[PDB]
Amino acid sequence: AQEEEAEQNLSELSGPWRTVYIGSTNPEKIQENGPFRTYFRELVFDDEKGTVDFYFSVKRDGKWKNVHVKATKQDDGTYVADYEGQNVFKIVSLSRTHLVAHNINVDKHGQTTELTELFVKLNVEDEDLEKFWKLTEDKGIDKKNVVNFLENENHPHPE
C-alpha cells in the first residue's frame, strides 16, 4: 500500500486572496510584463470536482488582463492547469490564513521553470460585516449607496 486517501475540506478557503511573494528559477518569467507576474484576486476551491479556480490580474504589453484558470487535482495530489504552457503544481502548505505553493511550468518551448509563492487570504468575518451594517443602518445610509471595494470593475493598478 502506498499512501492513504486525504480527507480534504478546502471549500472553507474560497474567497479573496492576494499575492505576497513569487520566486522563480527564471527571473524573466516574473519580471515586469512576465507571464507569471500574477496578482491574485480570488480563489475558489471545489472539493466535489476536486478543482481550484484562480482569478488574477496580469499585465501583458502595458495592458492589464483579468485571467481565470481552472486547475484539476490528480490522483497524485498535485494539480495541473493550462496557463502560458503546462503546469503541475503543488500546495505545500495551506491554511485559512495562507498558501505556499510550488509550481513547475513548461512553456511552449519546452523550457522548465520552477516557481514558489506565498499567497494570503483576505478574511472578512461575519461579526465584522454585521458591525459595519448595523452602523451603516444607524447612520441612515442606504445599502444602495455603498461601494464594494473587494470586487469592482474600477480599481488601482499595482503598476
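Rigid core: the largest C-alpha set superposing within 1.5 Å between the two forms. When you see a residue number, it is the position in the sequence shown, counting from 1.
Displacement analysis by core superposition in 4 other deposited structures of this protein ranks 138 to 146 above the other of 21 to 29 and 138 to 146 in root-mean-square C-alpha distance from the shown form. Just going by the entry, 10 to 18 versus 147 to 155 on mean CA temperature factor gives the higher value to 147 to 155. Taking only CA atoms, the mean B-factor in the PDB entry is higher for 28 to 36 than for the other of 115 to 123 and 28 to 36. In the PDB entry, the Cα temperature factor peaks, among 61, 128, 53, 107, at 61. For the set 102, 96, 41, 70, the PDB entry puts the maximum C-alpha B factor at 96.
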